[PDB]
Every structure is written in C-alpha cells, then in structure tokens.
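J.: Structure incoming, see below.
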Amino acid sequence: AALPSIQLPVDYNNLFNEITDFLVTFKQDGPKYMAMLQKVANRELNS
Amino acid sequence: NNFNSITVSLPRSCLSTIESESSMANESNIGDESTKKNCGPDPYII
Amino acid sequence: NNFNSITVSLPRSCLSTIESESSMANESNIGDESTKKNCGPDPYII
Amino acid sequence: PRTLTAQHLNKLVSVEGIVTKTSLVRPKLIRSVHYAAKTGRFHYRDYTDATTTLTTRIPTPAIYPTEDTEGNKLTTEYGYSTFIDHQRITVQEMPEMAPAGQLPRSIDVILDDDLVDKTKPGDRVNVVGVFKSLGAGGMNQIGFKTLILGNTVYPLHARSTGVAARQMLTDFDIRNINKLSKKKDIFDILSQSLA
Numbered sequence: 003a004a005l006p007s008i009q010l011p012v013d014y015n016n017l018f019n020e021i022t023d024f025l026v027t028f029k030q031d060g061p062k063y064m065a066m067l068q069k070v071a072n073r074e075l076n077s
Numbered sequence: 195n196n197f198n199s200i204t205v206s207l208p209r210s211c212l213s214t215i216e217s218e219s220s221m222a223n224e225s226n227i228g229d230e231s232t233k234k235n236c237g238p239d240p241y242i243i
Numbered sequence: 195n196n197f198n199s200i204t205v206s207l208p209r210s211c212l213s214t215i216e217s218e219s220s221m222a223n224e225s226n227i228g229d230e231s232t233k234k235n236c237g238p239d240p241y242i243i
Numbered sequence: 168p169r170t171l172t173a174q175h176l177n178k179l180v181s182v183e184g185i186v187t188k189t190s191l192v193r194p195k196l197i198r199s200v201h202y203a204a205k206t207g208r209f210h211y212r213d214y215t216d217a218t219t220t221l222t223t224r225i226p227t228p229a230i231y232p233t234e235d236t237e238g239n240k241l242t243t244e245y246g247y248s249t250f251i252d253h254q255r256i257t258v259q260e261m262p263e264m265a266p267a268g269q270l271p272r273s274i275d276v277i278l279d280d281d282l283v284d285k286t287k288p289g290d291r292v293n294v295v296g297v298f299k300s301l302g303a304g305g306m307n308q315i316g317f318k319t320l321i322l323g324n325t326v327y328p329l330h331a332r333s334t335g336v337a338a339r340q341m342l343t344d345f346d347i348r349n350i351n352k353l354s355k356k357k358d359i360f361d362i363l364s365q366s367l368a
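Going down the list, the sequences are from chains 7, D, 5 and 3. Residues 3 to 31, 60 to 77 (PDB author numbering) are what the first sequence spells out, left to right. Residues 195 to 200, 204 to 243 (PDB author numbering) are what the second sequence spells out, left to right. Residues 195 to 200, 204 to 243 (PDB author numbering) are what the third sequence spells out, left to right. Residues 168 to 308, 315 to 368 (PDB author numbering) are what the fourth sequence spells out, left to right.
This is the structure in structure tokens:
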C-alpha cells in the first residue's frame, strides 16, 4: 500500500512474560523486587 | 449515518497542515528551498 | 537575451492544453471518469 | 574561488583555498520504522532530497506516519531507523595567492556520510566535486543557488600552518634509512647537511 510492512526478529508478548517472571521470581543470591514493591506500597520509596 | 438527503463531501484541502500533530510532521511539511507545501486544489482518492 | 533588468518567469499553467497539437494528445488529456486534466497552480521544474 | 565562473557550472572542478568555518555534524533520517500494538506489525517509509542524486527527479514529498491504514496508533522505533551524518564547510582563497588589499572570494561545499569530519578551520585544502545550481532563482514568483557537492577532500601542507607533512615510505627507502645507521658517523653526516 502506501504504508508497507516489514518483518523483524522480535516478539513483545514473548518478552513481557519474561519481564513478569523476573519481577515475581528474582531472589538474590522474601523476593528482592517484591520487597522493594512492598516498601513502595506503604509510601517509603519513590524510585 | 445520514442518507436521507436526495450531504457529506470530500475535504477540499489536505488535513495534514491543520492537524500539526507530530513534531517531525511539521518539519516534513517544509523544505524545497523556500516555499510552502501545496498539495493541490482537491487531492483525496477513495 | 535581455539581462539588463535589475523579467522572464516560468509559465503558470501547463502549455499542453493550449497547444492542442497531436490528435492523441487531446485524448490523453481526458479520462478519469468525468473531469478535466488539472496539472496544478505552478507545475514546472528546471 | 576567484577564477570559478558561471561557464564552469555542471562540470567537475578542483578548487584550492583555506577552510574558514565548519558546521556541526547532524544526523539525517532516511528510513523510519514503527510498531502497531493492535496488529503486531512493523511499518516503514523512505525519505530523499535534492542533494543525493546528480540528476533532477520529480519531487516526492512523503509525510511522517503516525497512523495505520486502519487507524491504529504507531510507536516510533528510534533504534531501528537509519540515520546518515551531514556537514557543511566554506572555502576561501589562500592569503599568499590572493591579491593584496582586495576582498576575498568564497565557495560552499556540502559533505555527507564518511567525508564529514576530515578538516578543521584554518587549513589548506583541495576539493573536487560538481558545481551545482539548485532550486529556482526567483522565477516561481539575486540569482541561482550554487554550491559544490564534494566527493574528494585533500589536506595540504604549507609553511606556518597547522597541517603536518608526512610521506609514504617505500621499502627501498627503508633499506637506505636502516643501512645508514650502522656506520658510526651518522651524527656528523646528518649534522653537516643541516643548511
């Protein structure tokens, strides 16, 4: 058409699940980021 | 959704200029040394 | 051959219509259902 | 730059002079890629201008796409687009070839991509390229816009200037240079040849 389409070696739905698993799995050598988030909940972290 | 009249018509001027929407779009609208993009008197195809 | 003024200019309308020259040229000037060939306000490139 | 006239337009020329000013290297957008989250598809477009092909073409003024053929909103993928660099420089006649007490003449050179950062202000230079007339000189409504589209840029060395002088060494040259060393009066032979 006037806007042609192209094919790239990427997939966003595939990597979003990987993002979720990392955020709800990572326990550094309770879970690290999910404790950061629990402090975020109570208004004790801004970044 | 109003077919009773026997009316909508096609736009007479390009709507890209009045919808200065993107920051690079108003930049693509210029160039060609010194002049203003002029699409023409009635440039819409169905 | 007159460079003393400081003038010729580029034509404002397509000269194909006023020079109805060939018998198939005035036929290529028509078509597109019902309308008249309109080249534009100033269409000449150097 | 003084003896270059309107009878040499549209021909390949060599110009001598001094570089007086260089501009900032800027990116130029050629192809832009997008993403639609409602269809999982990527779209692209191409852009061009008059200073990339030596022959005149019919202009194609395409627009920047924000919207899909159905209306879906597109995200812009800056890392997947292609950008090519740009720079402009000005050349002037060298002070020791110019007529004394007379104002100087200058010429504009456009460089792109790989030839973009080869010189600095205050250099002796030789440039080869096409002397091009651009646009319409007011006939749509001073004269035509003239510039050189560079293809070759040579730095040159002169007395009392910031450009160094280097020569290419032949293996034959190296053999004499290395042969001279063993003789144990190198210092005297080289010293007595100094003026």
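The beta-carbon is built from N, C-alpha and C at its ideal position, and this holds for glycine as well.
Where does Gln259 (chain 3) sit, in a helix, a strand or coil, going by DSSP?
T.: Residue mapping note: residue 259 (chain 3) aligns to position 92 of the fourth sequence, counting from 1. Of the three classes helix, strand and coil, the one that applies to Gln259 (chain 3) here is strand, per DSSP.
J.: Given a threshold of 16 other Cβ atoms within 10 Å of its Cβ, counted over all protein chains shown, does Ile256 (chain 3) qualify as buried or as exposed?
T.: As a first step, residue 256 (chain 3) must be located in the fourth sequence, where it is residue number 89. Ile256 (chain 3) is buried by the Cβ-count criterion.
J.: Over what stretch of residues does the beta strand (DSSP E) that includes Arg208 (chain 3) continue unbroken?
T.: Locating residue 208 (chain 3) in the fourth sequence gives position 41, where the first residue counts as 1. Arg208 (chain 3) -> beta strand (DSSP E) spans 208-213.
J.: Count Cβ pairs between the region 235-251 of chain 3 and the region 195-213 of chain 3 that sit closer than 8 Å; are there 3 or more?
T.: As far as the Cβ criterion goes, the region 235-251 of chain 3 touches the region 195-213 of chain 3, which means the pair count is three or higher.
J.: Rounded to the nearest angstrom, what separates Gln254 (chain 3) and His330 (chain 3) at their Cα positions?
T.: On the fourth sequence, position 87 is the one that residue 254 (chain 3) refers to. On the fourth sequence, position 157 is the one that residue 330 (chain 3) refers to. So the two alpha carbons sit approximately 23 Å from each other.
J.: Whole beta strand (DSSP E) runs in the region 170-254 of chain 3 with 3 or more residues, listed along the chain?
T.: Listed in chain order, they are 179-189, 193-203, 208-213, 241-243.
J.: Quick check: the region 169-181 of chain 3 against the region 218-228 of chain 3, are at least 3 beta-carbon pairs closer than 8 Å?
T.: No contact exists between the region 218-228 of chain 3 and the region 169-181 of chain 3.
J.: Buried or exposed for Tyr327 (chain 3), going by 16 or more other Cβ atoms inside 10 Å?
T.: Translated into the one-based positions of the fourth sequence, residue 327 (chain 3) becomes position 154. Its Cβ having fewer than 16 others within 10 Å, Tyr327 (chain 3) is exposed.
J.: Using the DSSP secondary-structure output, state which residues sit across from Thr286 (chain 3) in a beta bridge.
T.: Numbered from its first residue, the fourth sequence carries residue 286 (chain 3) at position 119. Partner(s): none; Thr286 (chain 3) has no beta bridge.
J.: Looking at the strands, I want to know which residues DSSP matches up with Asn293 (chain 3).
T.: Counting from one through the fourth sequence, the residue named residue 293 (chain 3) turns up at place 126. Partner(s): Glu183 (chain 3), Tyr327 (chain 3).
J.: Taking 8 Å as the CB-CB limit, is residue 55 (chain 7) close to chain 3?
T.: The model of chain 7 omits the segment between 31 and 60, and residue 55 (chain 7) is among the residues lacking coordinates.
J.: Of all the CB atoms in chain 3, is at least one closer than 8 Å to the CB of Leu207 (chain 5)?
T.: Within the third sequence, the letter at position 10 stands for residue 207 (chain 5). Output row for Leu207 (chain 5): interface = yes.
J.: Output the boundary residues of the alpha helix (DSSP H) element that contains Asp361 (chain 3).
T.: In the fourth sequence, counting from the first residue as 1, residue 361 (chain 3) sits at position 188. 359-365 is the span of the alpha helix (DSSP H), which, as asked, contains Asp361 (chain 3).
J.: Please name the residue, chosen from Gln308 (chain 3), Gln340 (chain 3), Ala338 (chain 3), that lies closest to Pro208 (chain 5) on a Cα-to-Cα basis.
T.: Translated into positions along the third sequence, residue 208 (chain 5) becomes position 11. Ranking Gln308 (chain 3), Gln340 (chain 3), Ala338 (chain 3) by Cα distance to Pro208 (chain 5) puts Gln308 (chain 3) first.
J.: Please list the partners that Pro11 (chain 7) has in chain 3, where partner means a Cβ-to-Cβ separation under 7 Å.
T.: One-based indexing of the first sequence puts residue 11 (chain 7) at position 9. Ordered by position in chain 3, no residue passes the 7 Å Cβ test against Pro11 (chain 7), which lies about 11 Å from the chain.
J.: Start and end of the beta strand (DSSP E) containing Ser273 (chain 3)?
T.: Translated into positions along the fourth sequence, residue 273 (chain 3) becomes position 106. Counting along the chain, the beta strand (DSSP E) containing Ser273 (chain 3) begins and ends at 273-279.
J.: Give a yes or no on whether the minimum CB-CB distance between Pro232 (chain 3) and chain 7 is below 8 Å.
T.: As a position in the fourth sequence, residue 232 (chain 3) is number 65, starting the count at 1. Answer yes: the Cβ-Cβ gap between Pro232 (chain 3) and chain 7 drops below 8 Å somewhere.
J.: For a contact meaning CB atoms closer than 9 Å, what does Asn235 (chain 5) contact in chain D?
T.: Residue 235 (chain 5) sits at position 38 when you count from the first residue of the third sequence. Within 9 Å Cβ-Cβ: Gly237, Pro238, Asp239.
J.: To the nearest whole angstrom, what separates the beta carbons of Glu263 (chain 3) and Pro271 (chain 3), a pair I think is in contact under 8 Å?
T.: Residue numbering aside, residue 263 (chain 3) sits at position 96 when the fourth sequence is read from its first letter. Residue numbering aside, residue 271 (chain 3) sits at position 104 when the fourth sequence is read from its first letter. Their Cβ separation, rounded to whole angstroms, is 12 Å, which puts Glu263 (chain 3) and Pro271 (chain 3) out of contact at 8 Å.
J.: Quick check: is the beta carbon of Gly302 (chain 3) nearer than 8 Å to any beta carbon in chain D?
T.: On the fourth sequence, position 135 is the one that residue 302 (chain 3) refers to. It does; some Cβ of chain D falls within 8 Å.
J.: Looking at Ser300 (chain 3): is its Cβ nearer than 8 Å to the Cβ of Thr319 (chain 3)?
T.: Translated into positions along the fourth sequence, residue 300 (chain 3) becomes position 133. Translated into positions along the fourth sequence, residue 319 (chain 3) becomes position 146. Contact flag set, yes.
J.: Would you verify that the beta carbon of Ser225 (chain D) is, or is not, closer than 8 Å to some beta carbon of chain 3?
T.: Taking the second sequence and counting its residues from 1, one reaches residue 225 (chain D) at position 28. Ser225 (chain D) counts as touching chain 3.
J.: For a quick check, are the C-beta atoms of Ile274 (chain 3) and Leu322 (chain 3) less than 8 Å apart?
T.: Here residue 274 (chain 3) corresponds to residue number 107 of the fourth sequence, with the count starting at 1. Here residue 322 (chain 3) corresponds to residue number 149 of the fourth sequence, with the count starting at 1. Result no, Cβ atoms of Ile274 (chain 3) and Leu322 (chain 3) do not sit closer than 8 Å.
J.: In this structure, does DSSP put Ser231 (chain 5) in helix, strand or coil?
T.: To locate residue 231 (chain 5), count along the third sequence from 1; it is residue 34. In this structure, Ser231 (chain 5) counts as coil in the three-state DSSP scheme.
J.: Does the CB of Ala65 (chain 7) have a neighbour CB from chain 3 at under 8 Å?
T.: Taking the first sequence and counting its residues from 1, one reaches residue 65 (chain 7) at position 35. No, its Cβ sits nowhere closer than 8 Å to a Cβ of chain 3.
J.: Would a check of beta-carbon distances place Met306 (chain 3) closer than 8 Å to chain 5?
T.: Counting from 1 along the fourth sequence, the entry for residue 306 (chain 3) is found at position 139. Yes - at least one Cβ of chain 5 is within 8 Å of the one on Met306 (chain 3).
J.: Determine, for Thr236 (chain 3), whether the minimum Cβ-Cβ distance to residues of chain 7 falls below 8 Å.
T.: Taking the first residue of the fourth sequence as position 1, residue 236 (chain 3) is located at position 69. Yes - at least one Cβ of chain 7 is within 8 Å of the one on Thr236 (chain 3).
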